[PDB]
Amino acid sequence: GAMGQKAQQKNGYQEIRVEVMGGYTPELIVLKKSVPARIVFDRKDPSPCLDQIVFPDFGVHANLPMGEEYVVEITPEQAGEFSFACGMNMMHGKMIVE
Ligand SMILES: [Cl-]
Ligand SMILES: [Cu+]
Ligand SMILES: [Cu+]
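Heads up: the sequence shown begins at 26 in the deposited numbering, then just goes up one per residue.
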């Protein structure tokens, strides 16, 4: 198994919460293959550096409203390691699917 914070399995999906503060914490997350996922970004840092979230392997690039939650939804059908980052590719995270 891979190191990192595992998503919680429940009600036909899996969910993990990521705090946006000077980057992402946790910045290492672990998801189950083939299970619809909710990656909930709670934005607490108003830096323009963190205005967007990007999952390049999944085609996601979206605005994160300050002081609010925003949910990235993906269903990872392939095992492996996938990156995520801010819209500037300056702040980073890693998602392992297994
Ligand atoms: Cl910046
Ligand atoms: Cu950034
Ligand atoms: Cu930046």
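Where a beta carbon is used, it is the ideal one built from N, C-alpha and C, also for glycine.
| message | Within 10 Å of its beta-carbon, does residue 103 have 16 or more other beta-carbons around it, so buried, or fewer, so exposed? | response | Within the sequence shown, the letter at position 78 stands for residue 103. With fewer than 16 other CB atoms across the displayed protein chains lying within 10 angstroms of its CB, residue 103 is exposed.
| Per DSSP, what kind of secondary structure is residue 75 in: helix, strand or coil? | Locating residue 75 in the sequence shown gives position 50, counting from the first residue. The answer is helix: DSSP assigns residue 75 an H, G or I state.
| Does the distance from the C-beta atom of residue 58 to that of residue 34 stay below 8 Å? | Here residue 58 refers to the residue found at position 33 when the sequence shown is read from its first residue. Here residue 34 refers to the residue found at position 9 when the sequence shown is read from its first residue. For residue 58 and residue 34, no; Cβs fall outside 8 Å.
| Any heavy atom of ligand 2 closer than 7 Å to the CB of residue 120? | Counted from its first residue, the sequence shown places residue 120 at position 95. Incorrect: residue 120 has no Cβ contact closer than 7 Å to ligand 2.
| message | Which same chain residues end up closer than 7 Å to residue 105 when comparing Cβ atoms and leaving out the 5 residues on each side of it in sequence? | response | Stepping through the sequence shown from its first residue, residue 105 is reached at position 80. Leaving aside the five residues that flank residue 105 on each side, the residues in its chain whose CB is nearer than 7 Å to its CB run, in chain order, 122.
| said: Let me check understanding here. Comparing Cα to Cα, which of 41, 46 and 47 lies closest to residue 54? | reply: Along the sequence shown, one-based indexing puts residue 54 at 29. Cα-wise, what sits closest to residue 54 is 41.
| Sheet register partners of residue 88 (DSSP bridge) | Here residue 88 refers to the residue found at position 63 when the sequence shown is read from its first residue. Per DSSP, 77.
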